[PDB]
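Enquirer: Just one file: run.txt, with compact mmCIF, C-alpha atoms and all ligand atoms.
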# COMPACT_ATOMS: atom_id res chain seq x y z
CA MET A 1 -73.65 21.81 149.27
CA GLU A 2 -69.97 21.32 148.42
CA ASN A 3 -70.17 22.78 144.93
CA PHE A 4 -71.80 25.98 146.30
CA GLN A 5 -70.79 29.02 148.35
CA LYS A 6 -73.70 30.77 150.01
CA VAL A 7 -73.15 34.45 149.33
CA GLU A 8 -76.32 35.57 151.17
CA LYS A 9 -79.90 34.86 152.27
CA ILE A 10 -82.29 36.27 149.70
CA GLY A 11 -85.53 35.06 151.26
CA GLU A 12 -87.56 32.47 153.14
CA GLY A 13 -90.01 30.64 150.90
CA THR A 14 -92.85 28.44 152.16
CA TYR A 15 -90.51 25.56 151.64
CA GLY A 16 -87.25 26.58 153.29
CA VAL A 17 -84.50 29.14 152.90
CA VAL A 18 -83.48 30.76 149.59
CA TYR A 19 -79.81 31.59 149.13
CA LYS A 20 -77.85 33.54 146.61
CA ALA A 21 -74.95 31.27 145.83
CA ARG A 22 -71.97 30.87 143.52
CA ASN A 23 -71.00 27.57 141.93
CA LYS A 24 -67.45 26.82 143.07
CA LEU A 25 -66.68 25.40 139.62
CA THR A 26 -68.95 26.83 136.88
CA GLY A 27 -68.65 30.35 138.28
CA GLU A 28 -72.44 30.79 137.85
CA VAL A 29 -74.39 32.87 140.40
CA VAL A 30 -77.65 31.07 141.18
CA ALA A 31 -80.65 31.01 143.57
CA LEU A 32 -80.31 27.96 145.92
CA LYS A 33 -83.40 26.80 147.82
CA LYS A 34 -83.07 24.19 150.62
CA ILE A 35 -86.33 22.29 150.96
CA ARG A 36 -87.43 22.09 154.58
CA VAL A 37 -87.79 12.73 150.66
CA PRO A 38 -90.81 10.84 149.33
CA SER A 39 -90.39 9.66 145.74
CA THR A 40 -93.56 11.59 144.76
CA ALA A 41 -91.89 14.96 145.21
CA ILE A 42 -88.81 13.58 143.52
CA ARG A 43 -91.00 12.79 140.57
CA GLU A 44 -92.97 16.03 140.33
CA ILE A 45 -89.90 18.14 140.77
CA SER A 46 -88.20 16.25 137.95
CA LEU A 47 -91.05 17.20 135.62
CA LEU A 48 -90.39 20.84 136.30
CA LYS A 49 -86.85 20.64 134.87
CA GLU A 50 -88.57 20.18 131.54
CA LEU A 51 -91.07 23.00 131.61
CA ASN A 52 -88.94 25.78 130.33
CA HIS A 53 -90.29 29.18 129.26
CA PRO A 54 -88.74 32.68 129.13
CA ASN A 55 -91.28 33.77 131.77
CA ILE A 56 -90.66 30.90 134.21
CA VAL A 57 -87.63 31.03 136.53
CA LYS A 58 -85.32 28.38 135.09
CA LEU A 59 -84.83 25.34 137.34
CA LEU A 60 -81.14 24.58 136.75
CA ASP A 61 -80.64 21.46 138.93
CA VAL A 62 -82.43 19.22 141.49
CA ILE A 63 -79.90 17.94 144.02
CA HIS A 64 -81.19 15.18 146.28
CA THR A 65 -78.27 14.28 148.53
CA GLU A 66 -77.70 13.14 152.10
CA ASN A 67 -81.46 12.82 151.96
CA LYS A 68 -82.06 16.59 151.81
CA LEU A 69 -83.55 18.66 148.94
CA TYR A 70 -82.01 21.59 147.04
CA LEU A 71 -83.30 23.38 143.97
CA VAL A 72 -80.92 25.51 141.90
CA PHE A 73 -82.65 28.28 139.95
CA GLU A 74 -81.44 31.05 137.68
CA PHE A 75 -80.79 34.21 139.69
CA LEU A 76 -82.90 37.34 139.29
CA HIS A 77 -82.00 40.54 141.05
CA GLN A 78 -85.33 41.74 142.45
CA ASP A 79 -88.94 40.64 143.20
CA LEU A 80 -92.18 42.46 142.35
CA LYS A 81 -93.10 43.11 145.99
CA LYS A 82 -89.92 45.08 146.59
CA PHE A 83 -90.24 46.90 143.26
CA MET A 84 -93.84 47.87 144.16
CA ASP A 85 -92.82 49.27 147.58
CA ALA A 86 -90.01 51.16 145.85
CA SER A 87 -92.49 52.63 143.37
CA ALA A 88 -95.06 53.63 146.01
CA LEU A 89 -94.70 57.39 145.47
CA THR A 90 -95.24 57.50 141.71
CA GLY A 91 -96.76 54.08 141.07
CA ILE A 92 -95.62 51.77 138.31
CA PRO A 93 -96.22 53.44 134.94
CA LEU A 94 -99.17 51.81 133.11
CA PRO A 95 -97.19 50.74 130.07
CA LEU A 96 -94.85 48.78 132.43
CA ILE A 97 -97.77 47.34 134.41
CA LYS A 98 -99.26 46.20 131.10
CA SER A 99 -96.03 44.61 129.91
CA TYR A 100 -95.67 42.69 133.21
CA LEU A 101 -99.27 41.49 133.13
CA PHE A 102 -98.78 40.44 129.47
CA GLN A 103 -95.59 38.43 130.12
CA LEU A 104 -97.07 36.70 133.17
CA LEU A 105 -100.13 35.70 131.09
CA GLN A 106 -97.68 34.19 128.61
CA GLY A 107 -96.01 32.11 131.33
CA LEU A 108 -99.41 30.96 132.68
CA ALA A 109 -100.67 30.04 129.18
CA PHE A 110 -97.50 27.87 128.81
CA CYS A 111 -97.93 26.16 132.24
CA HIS A 112 -101.67 25.74 131.89
CA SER A 113 -101.27 24.13 128.43
CA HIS A 114 -99.17 21.37 130.06
CA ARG A 115 -101.78 21.16 132.79
CA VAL A 116 -99.38 22.61 135.47
CA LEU A 117 -100.90 25.16 137.85
CA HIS A 118 -98.88 27.46 140.11
CA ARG A 119 -101.60 27.71 142.81
CA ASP A 120 -99.77 30.32 144.92
CA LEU A 121 -98.96 33.40 142.87
CA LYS A 122 -98.02 36.49 144.93
CA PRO A 123 -95.89 39.55 144.29
CA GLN A 124 -93.05 37.97 146.35
CA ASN A 125 -92.65 35.04 143.92
CA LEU A 126 -92.63 37.22 140.77
CA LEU A 127 -89.11 38.06 139.83
CA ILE A 128 -87.79 40.86 137.61
CA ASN A 129 -84.67 41.79 135.71
CA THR A 130 -83.01 44.99 134.36
CA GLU A 131 -84.21 44.28 130.85
CA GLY A 132 -88.03 44.47 131.32
CA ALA A 133 -88.60 40.78 132.08
CA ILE A 134 -90.77 39.25 134.79
CA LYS A 135 -90.85 35.56 135.56
CA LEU A 136 -93.00 33.18 137.60
CA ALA A 137 -90.99 31.61 140.47
CA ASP A 138 -91.82 28.63 142.73
CA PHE A 139 -93.84 26.95 139.99
CA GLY A 140 -95.02 23.41 140.83
CA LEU A 141 -93.71 23.43 144.41
CA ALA A 142 -97.27 23.21 145.80
CA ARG A 143 -98.59 20.04 144.15
CA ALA A 144 -95.21 18.50 144.99
CA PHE A 145 -96.17 19.30 148.60
CA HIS A 146 -93.16 30.83 160.00
CA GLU A 147 -95.28 33.81 159.04
CA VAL A 148 -98.81 33.54 157.80
CA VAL A 149 -98.92 32.32 154.23
CA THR A 150 -100.82 35.22 152.68
CA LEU A 151 -104.46 34.60 151.67
CA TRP A 152 -104.65 37.88 149.69
CA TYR A 153 -104.38 36.28 146.23
CA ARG A 154 -106.40 33.13 146.96
CA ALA A 155 -109.25 32.19 144.58
CA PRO A 156 -112.67 31.96 146.23
CA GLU A 157 -113.27 28.34 145.15
CA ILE A 158 -110.17 27.44 147.16
CA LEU A 159 -111.60 29.43 150.10
CA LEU A 160 -114.96 27.64 149.70
CA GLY A 161 -113.34 24.19 150.05
CA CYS A 162 -113.19 23.01 146.44
CA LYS A 163 -110.58 20.22 146.37
CA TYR A 164 -110.36 19.74 142.60
CA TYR A 165 -109.86 23.32 141.44
CA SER A 166 -108.56 24.50 138.05
CA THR A 167 -105.98 26.74 136.28
CA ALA A 168 -108.52 29.56 136.79
CA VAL A 169 -107.08 29.94 140.33
CA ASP A 170 -103.87 31.38 138.90
CA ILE A 171 -105.94 33.78 136.74
CA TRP A 172 -107.68 35.03 139.91
CA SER A 173 -104.41 35.63 141.77
CA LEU A 174 -102.97 37.44 138.74
CA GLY A 175 -106.03 39.73 138.58
CA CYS A 176 -105.50 40.64 142.26
CA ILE A 177 -101.82 41.43 141.52
CA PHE A 178 -102.88 43.54 138.50
CA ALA A 179 -105.26 45.72 140.62
CA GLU A 180 -102.63 46.15 143.35
CA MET A 181 -100.06 47.43 140.84
CA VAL A 182 -102.57 50.02 139.51
CA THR A 183 -103.91 51.22 142.82
CA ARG A 184 -100.83 50.72 145.06
CA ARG A 185 -103.07 49.06 147.65
CA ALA A 186 -103.71 45.32 147.97
CA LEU A 187 -107.14 44.37 146.53
CA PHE A 188 -108.31 41.89 149.23
CA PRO A 189 -106.05 42.09 152.39
CA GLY A 190 -107.64 39.25 154.46
CA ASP A 191 -106.12 38.19 157.73
CA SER A 192 -108.10 35.02 158.06
CA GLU A 193 -110.00 32.84 155.65
CA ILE A 194 -113.37 34.23 156.61
CA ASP A 195 -112.07 37.77 156.53
CA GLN A 196 -110.55 37.05 153.09
CA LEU A 197 -113.86 35.58 151.82
CA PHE A 198 -115.87 38.48 153.22
CA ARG A 199 -113.58 41.10 151.71
CA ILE A 200 -114.14 39.51 148.30
CA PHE A 201 -117.93 39.44 148.96
CA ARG A 202 -117.96 43.12 149.91
CA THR A 203 -116.30 44.27 146.68
CA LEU A 204 -117.70 41.74 144.22
CA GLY A 205 -121.05 40.82 145.80
CA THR A 206 -121.85 37.69 147.79
CA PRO A 207 -121.97 35.05 145.06
CA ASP A 208 -125.27 33.23 144.40
CA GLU A 209 -126.64 30.57 142.09
CA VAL A 210 -127.17 33.19 139.34
CA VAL A 211 -123.52 34.26 138.98
CA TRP A 212 -121.95 30.99 140.19
CA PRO A 213 -124.09 27.87 139.57
CA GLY A 214 -123.29 25.30 142.22
CA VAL A 215 -121.81 27.84 144.68
CA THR A 216 -124.36 26.91 147.43
CA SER A 217 -123.47 23.23 147.38
CA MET A 218 -119.79 23.92 148.17
CA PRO A 219 -118.09 22.44 151.24
CA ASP A 220 -117.55 25.63 153.25
CA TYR A 221 -120.42 27.64 151.88
CA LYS A 222 -123.09 28.63 154.43
CA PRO A 223 -126.59 30.11 153.81
CA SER A 224 -125.89 32.35 156.78
CA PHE A 225 -123.21 34.30 154.79
CA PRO A 226 -124.17 37.95 154.65
CA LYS A 227 -125.58 39.29 151.34
CA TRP A 228 -123.48 42.30 150.27
CA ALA A 229 -124.16 44.09 146.96
CA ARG A 230 -121.53 44.27 144.28
CA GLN A 231 -119.44 47.39 143.96
CA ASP A 232 -118.77 49.08 140.63
CA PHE A 233 -115.27 48.53 139.14
CA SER A 234 -114.83 52.21 138.39
CA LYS A 235 -114.80 52.59 142.17
CA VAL A 236 -112.43 49.63 142.64
CA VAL A 237 -109.49 50.38 140.34
CA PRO A 238 -109.29 54.06 139.36
CA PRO A 239 -107.53 55.19 137.22
CA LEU A 240 -107.51 52.02 135.09
CA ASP A 241 -109.04 52.61 131.62
CA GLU A 242 -112.15 50.76 130.37
CA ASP A 243 -110.13 48.05 128.60
CA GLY A 244 -108.07 47.30 131.70
CA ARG A 245 -111.24 47.28 133.76
CA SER A 246 -113.06 44.95 131.35
CA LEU A 247 -110.11 42.56 131.45
CA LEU A 248 -109.81 42.64 135.25
CA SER A 249 -113.53 41.99 135.65
CA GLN A 250 -113.19 38.87 133.44
CA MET A 251 -110.17 37.64 135.47
CA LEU A 252 -112.20 38.11 138.66
CA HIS A 253 -115.27 36.11 137.60
CA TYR A 254 -116.66 34.00 140.53
CA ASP A 255 -117.47 31.01 138.31
CA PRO A 256 -114.14 29.35 137.45
CA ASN A 257 -115.67 28.18 134.16
CA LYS A 258 -116.62 31.75 133.28
CA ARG A 259 -113.25 33.16 134.36
CA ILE A 260 -111.04 34.18 131.45
CA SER A 261 -108.23 31.77 130.51
CA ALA A 262 -104.65 33.15 130.12
CA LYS A 263 -104.77 32.36 126.44
CA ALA A 264 -107.95 34.34 125.73
CA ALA A 265 -106.67 37.19 127.96
CA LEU A 266 -103.61 37.53 125.71
CA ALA A 267 -106.15 38.39 122.93
CA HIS A 268 -107.93 41.14 124.94
CA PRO A 269 -107.94 44.66 123.43
CA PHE A 270 -106.12 46.06 126.54
CA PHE A 271 -102.97 44.54 125.04
CA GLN A 272 -103.46 46.01 121.51
CA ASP A 273 -100.88 48.65 122.48
CA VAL A 274 -98.45 46.67 124.62
CA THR A 275 -94.78 47.47 124.67
CA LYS A 276 -91.77 46.28 126.65
CA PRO A 277 -90.44 49.20 128.69
CA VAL A 278 -87.32 48.60 130.83
CA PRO A 279 -87.75 49.32 134.53
CA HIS A 280 -85.45 51.60 136.53
CA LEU A 281 -84.00 49.38 139.23
CA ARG A 282 -81.34 50.30 141.72
CA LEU A 283 -79.63 47.05 142.67
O1 LIG A 301 -86.80 30.82 143.33
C1 LIG A 301 -86.98 31.77 144.10
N1 LIG A 301 -86.30 32.94 144.01
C2 LIG A 301 -85.34 33.26 143.06
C3 LIG A 301 -84.89 32.55 141.97
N2 LIG A 301 -83.97 33.29 141.37
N3 LIG A 301 -83.77 34.47 142.02
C4 LIG A 301 -84.61 34.46 143.05
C5 LIG A 301 -84.67 35.62 143.97
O2 LIG A 301 -85.34 35.57 145.01
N4 LIG A 301 -83.96 36.70 143.63
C6 LIG A 301 -83.93 37.89 144.38
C7 LIG A 301 -85.11 38.44 144.87
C8 LIG A 301 -85.08 39.61 145.62
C9 LIG A 301 -83.85 40.21 145.87
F1 LIG A 301 -83.81 41.35 146.58
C10 LIG A 301 -82.67 39.67 145.40
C11 LIG A 301 -82.71 38.51 144.65
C12 LIG A 301 -87.96 31.68 145.22
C13 LIG A 301 -88.06 30.53 145.99
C14 LIG A 301 -88.96 30.46 147.04
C15 LIG A 301 -89.78 31.54 147.32
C16 LIG A 301 -89.69 32.69 146.57
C17 LIG A 301 -88.78 32.77 145.52
Rewrite the structure of this file - the entire thing - as structure tokens.
Ligand SMILES: O=C(Nc1c[nH]nc1C(=O)Nc1ccc(F)cc1)c1ccccc1
Expert:
Amino acid sequence: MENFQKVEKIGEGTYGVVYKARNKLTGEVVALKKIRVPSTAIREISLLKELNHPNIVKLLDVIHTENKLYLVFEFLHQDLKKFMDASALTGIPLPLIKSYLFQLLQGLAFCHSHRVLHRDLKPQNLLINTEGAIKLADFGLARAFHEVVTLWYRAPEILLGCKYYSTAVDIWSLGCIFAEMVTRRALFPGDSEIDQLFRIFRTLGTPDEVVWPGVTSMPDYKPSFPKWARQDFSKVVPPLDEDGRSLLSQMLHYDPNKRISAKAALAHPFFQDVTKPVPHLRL
């Protein structure tokens, strides 16, 4: 778009290319996403301009022109997936893991309180700066509307065909990102929907009417599912301490109504000692 110079490709979202760009007039460096225009998307997108929070990538402008769609976001210099790969040897220090988790829960508590879900959290859409900050990106783009879209962070109620699912889905994804930071291995690396479901089952137990009332009446649930026993958390995320493990377990509750909200998670004793360390990033 005329007011922008593409400096470089910085990714491919679900929804079209993402460019680093410079505003020919303002000077500002920005993230420019080209989508791919029904008035429904126009409307939802416009709502997002308003939901501002220090832990949500700022949506600067929504250009709808020549009947094409661009979103202009504030620019961050790295994503969490790259940072994680970069920190493979040593792992991310716990106090930095805890800060990141804490800030993301703040962003989610904000979104959820305005009834906006993300619905597709993944380390690739979590963006970080040199000053210790981490921000949710791509917020709202999913209601509004190639490699495999990853299933690794998908809540099981989504996998079981629930069509009217809740903010608890973001809580689930965030718990899977939490474990992956601690262990340096993805929690549930599914390569199909059944494989994804069965990986969850194998770690957490096949859910039943005891732990998830109503589970058996779900669209894609079958009685013929195997019955695996639940594994112990101490085996799942060493060397996370007992507070971190308690929290994670609550974020990974099967029953979306049992699953901890972002707001009550902020109160958990794991965060009693939270700080804001600054990462070392080599841009
Ligand atoms: O809004 C998105 N990204 C961004 C917004 N502001 N900065 C970015 C961004 O990707 N920055 C970035 C990330 C990794 C790099 F190596 C260098 C720079 C987005 C859109 C679709 C899918 C994923 C992320």
Enquirer: Compute the set of protein, DNA and RNA residues whose minimum atom distance to ligand LIG 301 (chain A) is at most 6 Å, using only C-alpha atoms and all ligand atoms, and state it as a list in words.
Expert: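 Here is the list of contacting residues: residues 10, 13, 18, 31, 73, 74, 75, 76, 77, 78, 79, 125, 137 and 138 of chain A.
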Enquirer: Extending 3 Å beyond the listed atoms of range 154-170 of chain A on each side, what axis-aligned box results? I want centre and edge lengths in Å to one decimal, as AutoDock Vina command-line options.
Expert:
--center_x -109.4 --center_y 26.4 --center_z 143.2 --size_x 17.1 --size_y 19.4 --size_z 19.8
Enquirer: Write out as an NGL selection string each polymer residue whose atoms come within 8 Å of residue 220 in chain A, counting all atoms listed in the file; drop sequence neighbours fewer than 4 positions from it.
Expert: :A and (159-161)
Enquirer: Within 12 Å of (-69.1, 29.3, 142.6) in the file's own coordinates, which protein, DNA or RNA residues have an atom, counting all atoms listed in the file? List them as JSON, numbers by chain.
Expert: {"A": [1, 2, 3, 4, 5, 6, 7, 20, 21, 22, 23, 24, 25, 26, 27, 28, 29, 30, 31, 32]}
Enquirer: Using only C-alpha atoms, collect all residues at a distance of at most 12 Å from (-88.7, 33.4, 130.6) as written in the file, then present them as JSON, numbers by chain.
Expert: {"A": [51, 52, 53, 54, 55, 56, 57, 58, 59, 74, 76, 100, 103, 104, 105, 106, 107, 108, 110, 111, 126, 127, 128, 129, 131, 132, 133, 134, 135, 136, 137]}
Enquirer: What is the distance, in Å and to one decimal place, between CA of residue 68 in chain A and CA of residue 37 in chain A?
Expert: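 Going from CA of residue 68 in chain A over to CA of residue 37 in chain A covers 7.0 Å.
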Enquirer: Any idea what the distance is between CA of residue 87 in chain A and CA of residue 180 in chain A?
Expert: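 Answer for the CA of residue 87 in chain A to CA of residue 180 in chain A separation: 12.0 Å.
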Enquirer: Please identify all polymer residues within 9 Å of residue 141 in chain A, counting all atoms listed in the file, omitting same-chain residues fewer than 4 positions from it, and present them as a list in words.
Expert: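 Close residues of residue 141 in chain A: residues 15, 41, 44, 45, 118 and 145 of chain A.
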Enquirer: Grab the residues selected above and save them as a short mmCIF file (atom, residue, chain, number, x, y, z; two decimals), keeping the file's coordinate frame with C-alpha atoms.
Expert:
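Okay, out34.cif is ready:
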data_model
loop_
_atom_site.label_atom_id
_atom_site.label_comp_id
_atom_site.auth_asym_id
_atom_site.auth_seq_id
_atom_site.Cartn_x
_atom_site.Cartn_y
_atom_site.Cartn_z
CA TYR A 15 -90.51 25.56 151.64
CA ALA A 41 -91.89 14.96 145.21
CA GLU A 44 -92.97 16.03 140.33
CA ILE A 45 -89.90 18.14 140.77
CA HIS A 118 -98.88 27.46 140.11
CA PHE A 145 -96.17 19.30 148.60
#
Enquirer: Go through range 135-159 of chain A residue by residue and, counting all atoms listed in the file, keep those with an atom at most 10 Å from range 256-259 of chain A; for each kept residue give the shortest atom pair and its distance in Å to one decimal, ordered by chain and increasing number, as CSV.
Expert:
residue,atom,partner,partner_atom,distance
A:155,CA,A:256,CA,9.1
A:156,CA,A:256,CA,9.3
A:157,CA,A:256,CA,7.8
Enquirer: Provide the CA of residue 166 in chain A to CA of residue 255 in chain A distance in Å, to one decimal place.
Expert: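 Rounded to one decimal, the two atoms are 11.0 Å apart.
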Enquirer: Skipping near chain neighbours, those fewer than 5 positions away, what residues fall within 8 Å of range 173-179 of chain A using only C-alpha atoms, listed as a PyMOL selection string?
Expert: chain A and resi 97+101+120-123+152-155+186-188+237+248+251-252
